[PDB]
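Just one chain is shown here, as structure tokens, and it is the form deposited in one PDB entry.
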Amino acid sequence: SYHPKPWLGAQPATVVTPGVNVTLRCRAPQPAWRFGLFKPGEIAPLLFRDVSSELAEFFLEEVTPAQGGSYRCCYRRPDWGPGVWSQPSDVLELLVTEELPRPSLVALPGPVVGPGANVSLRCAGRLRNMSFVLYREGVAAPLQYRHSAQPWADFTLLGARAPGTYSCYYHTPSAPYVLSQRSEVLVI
């Protein structure tokens, strides 16, 4: 008998700084007795809750990198077989860090190249759903901002304004604010 997978979520976010209280919510599509959180390569659950509900909440206090990593949730009913769990939830990747890995900043190839032509820039990380910010040396305010689902943002510069030294970052779209290390400078 097939038992559809529960869903696993993180409050306030899946990317947080150390010391933040994280609530992990596991929602099954039907009520269950026991919910279990599992890390990779672990047969027994890391944490479990006996709730008689569709919802189980796992409170991860003042998080450290010990609380980070890949999580899967499973639910079970006592009438099922000895080691029978439901289908596992999709992985919830919890990232506990003070600063995000530095992105890369490149000039994208164009159909027509030369001085005074429009320049397309790519600020690329390895994390999805981030907000990218483009800066230019000598300009206090960011030039362009872009929120992306994909792990990159493209910024188009107009030819007449294109020359200069550029850097980029990315950060979390909501609280807590976690910022990446500055990208290596790019000279146009």
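Note that residue numbering follows the sequence shown and begins at 1. Rigid core (definition): largest C-alpha set, two forms, superposition within 1.5 Å.
Stretch comparison (84-92 versus 109-117) by mean CA B-factor in the PDB entry places 109-117 on top. Note on 137-145 vs 38-46: mean CA B-factor is higher in 137-145. Listed residues 130, 160, 60, 56 were ranked by CA B-factor as deposited; 160 comes out on top. In this structure the maximum Cα B-factor among 165, 14, 23, 172 is found at 165. The PDB entry assigns residue 64 a C-alpha temperature factor belonging to the lowest third of its chain's modelled residues. When the CA B factors of the chain's modelled residues are split into thirds, the value for residue 126 lands in the middle one.
In the PDB entry, a CA B factor belonging to the lowest third of its chain's modelled residues is recorded for residue 30.
Just so it is clear, the following notes concern the form deposited in another entry, a form of the same protein that is not shown.
Of the candidates 30, 150, 52, 64, the Cα that moves 2 angstroms or more after core superposition between the shown form and the other one belongs to 52 alone. Once the rigid core is used as the reference frame, the Cα position of residue 83 differs between the shown form and the other one by 2 Å or more. Compared with the form shown here, the Cα atoms of residue 47 and residue 68 sit 3 Å or more farther apart in the other entry. Put simply, residue 41 and residue 63 come closer in the other entry: their C-alpha atoms are 3 Å or more nearer than in the form shown.
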